[PDB]
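Structure first, then comments.
Backbone-built Cβ (ideal geometry, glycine too); neighbour counts: all protein chains shown. Nothing in this text is a laboratory measurement; each read-out follows from the coordinates by a stated rule.
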Amino acid sequence: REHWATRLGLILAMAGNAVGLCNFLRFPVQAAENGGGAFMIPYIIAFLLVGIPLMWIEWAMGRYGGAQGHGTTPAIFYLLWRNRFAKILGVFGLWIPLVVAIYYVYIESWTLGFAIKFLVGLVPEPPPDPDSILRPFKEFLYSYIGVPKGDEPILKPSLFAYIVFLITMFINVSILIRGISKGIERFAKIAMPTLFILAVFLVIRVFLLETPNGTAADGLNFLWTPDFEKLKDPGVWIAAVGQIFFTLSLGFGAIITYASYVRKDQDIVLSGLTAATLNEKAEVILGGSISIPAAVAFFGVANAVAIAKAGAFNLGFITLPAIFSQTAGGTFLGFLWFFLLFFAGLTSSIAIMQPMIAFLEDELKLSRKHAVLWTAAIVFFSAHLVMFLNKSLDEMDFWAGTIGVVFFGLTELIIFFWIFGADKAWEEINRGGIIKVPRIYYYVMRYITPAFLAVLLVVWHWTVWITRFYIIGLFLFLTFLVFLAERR
Ligand SMILES: CC(C)C[C@H](N)C(=O)O
Ligand code: NA
Ligand code: NA
């Protein structure tokens, strides 16, 4: 079984797992929609009551499974809970990452194509009224992905977009087929410093922005001024816990698969804490200080919130490049932004496609080459439904990327800390750690986190069926594979 070569390499690979498109695309939108600073206070709390404990739990479950040669949740749930329903629940740990990747890699291909076109300078040229500049870029995006012009929910991606998607899939395959250390870790050691440097440069350049409508400091103040009145609103807590799940890759089965290659005796407490802290630094500091500060600097706080309500794609692929186009060297700055997004999306897509590869390797005894190639074939085939059927991405992100991840985090917490045991799980978490988990977190993992998640869950066109029917089929397919494994 493969193992990580260096501890720093493991930290950077886990950071690349956590640091992705969400940090720079969803967190600005979710923070601006929930009142700026009024969203930051619960988010941090959700990081302390939900994020870190589930991170440690997934690390421990991954290492525990990998010690016995099982990297995926169908087998790890059965190890922690000897029951067929445990395998059925673990099938979600393969279904969620695959379905998520099916469109995540397409968005990553978007970022790659935009980076290419901005480096070559094949960008729209607006004339010297905000709509006068936003419309050329908007249409620029609409021609790339093929937004429907009429009532039919049919997408028509450009040939360049399809070729760039092929290239993105090829890059993911070239990274994954080389293995854990020689592929994921080696690429992480290069991509993470690049990501941080690009994010820091963009943060500085955006902080240097100022128009008669405001400054980037105004956006930073809007994002960092606490509003204790909105602590009463449950929707802020819903958004905060959901964003924590999305940014820390919790409930996607990826952290478990990555930790399954950590050796039996290696540390998981300090390592996972450092990885989560790096991701939080990148998203909260760097990711949050690019889009929203520039939007506030060019339009003010109210118009920036109104633009953020339009969606993550509209802010990341239309509004920010249009804003950059009004500054000296703005095309190159947009190229830097899209290259940052592409490296983030790549370091996340390899991580969310690794679970299926690990399942095929451990449970069906497929070689790494065959496993990577078959996973790539499945993802590339299924991605056409997202590429051509409108709102299929929305359905996949709702069922697998939103409901599925939260329910799966709750399920893994219940299986590890209630079914498998509380003292056993705690000792497995703290075994071999450079530092020890604070004792209070025990009562956070056993009582506070599941009750929090349950309370928040409780308080929380026909073509959609086309997507649903498909992804359900995928689940069945995966189940059949599990069945075959059990018969082998
Ligand atoms: C699906 C996950 C890889 C997403 C990742 N946590 C991100 O920030 O984009
Ligand atoms: Na993240
Ligand atoms: Na990443």
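Observations, loosely collected:
- For the stretch 73-91, a tally of residues being within 16 Å of ligand 1 (Cβ to nearest atom) and surrounded by fewer than 24 Cβ atoms within 10 Å (Cβ to Cβ) returns 0.
Here's the yes/no breakdown for (1) assigned to a helix (DSSP H, G or I); (2) more than 15 Å from ligand 2 (Cβ to nearest atom); (3) farther than 23 Å from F452 by Cα:
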| position | (1), (2), (3) |
| --- | --- |
| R26 | yes, no, no |
| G35 | no, yes, no |
| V50 | yes, no, no |
| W56 | yes, yes, no |
| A60 | yes, yes, no |
| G65 | yes, yes, yes |
| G69 | no, yes, yes |
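- Members of the stretch 152-183 that are buried (at least 17 other Cβ atoms within 10 Å of the Cβ), over 21 Å from the mean Cα position of the chain (by Cα) and part of a helix (DSSP H, G or I): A161, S181
- Filtered residue count, the stretch 330-365, keeping only those that are more than 16 Å from ligand 2 (Cβ to nearest atom) and in a helix (DSSP H, G or I): 20
- Test: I268 is surrounded by 21 or more Cβ atoms within 10 Å (Cβ to Cβ) and farther than 25 Å from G35 by Cβ: yes
- The criterion of at least 2 residues that are hydroxyl-bearing (S, T, Y) is met by the following helices (runs of 4 or more DSSP H) wholly inside the stretch 185-276: 254-259.
- Checking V147 against (1) part of a helix (DSSP H, G or I); (2) within 25 Å of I471 (Cα to Cα), the condition it does not meet: (1)
- For the stretch 71-106, the tally of residues that are within 22 Å of the chain's Cα centre (by Cα) and assigned to a helix (DSSP H, G or I) stands at 19.
- Any hit, the stretch 322-333, residues being within 23 Å of the chain's Cα centre (by Cα) and either away from ligand 1 (no atom under 16 Å from the Cβ) or not acidic (D, E) (or both): no
- Residue ID - surrounded by the most Cβ atoms within 10 Å (Cβ to Cβ), chosen from residues in the stretch 1-43 that are more than 17 Å from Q354 (Cα to Cα) and within 15 Å of ligand 3 (Cβ to nearest atom): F24
- Long-range neighbours under 9 Å by Cβ, at least six apart or interchain, first residue part of a helix (DSSP H, G or I) within the stretch 374-403, second charged (D, E, K, R): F388/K156; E395/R468; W399/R468
- Among the residues of the stretch 334-347, those that are under 21 Å from the mean Cα position of the chain (by Cα) and away from ligand 3 (no atom under 14 Å from the Cβ) comprise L336, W337, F338.
- Filtered residue count, the stretch 357-380, keeping only those that are within 16 Å of ligand 1 (Cβ to nearest atom) and more than 22 Å from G9 (Cα to Cα): 2
- Of all the listed residues (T277, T225), the sole one being out of contact with any helix residue (DSSP H, G or I) (no Cβ under 6 Å at 6 or more places or on another chain) and hydroxyl-bearing (S, T, Y) is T277.
- Members of the stretch 323-359 found to be among the aliphatic types (A, V, I, L, M), touching a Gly at 6+ places or on another chain (Cβ under 9 Å) and more than 29 Å from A377 (Cβ to Cβ), listed by number: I323
- When the stretch 126-172 is filtered for residues that are farther than 30 Å from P212 by Cα and of a type in the set (D, E, K, R), the ones remaining, listed by number, are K149, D151, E152, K156.
- Test set (1) surrounded by 18 or more Cβ atoms within 10 Å (Cβ to Cβ); (2) within 23 Å of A32 (Cα to Cα); (3) over 24 Å from the mean Cα position of the chain (by Cα) - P226 fails condition number: (1)
- Helices (runs of 4 or more DSSP H) lying entirely in the stretch 409-473 (those with 1 or more residues that are hydrophobic (A, V, I, L, M, F, W, C) and surrounded by fewer than 17 Cβ atoms within 10 Å (Cβ to Cβ)): 440-443, 449-459
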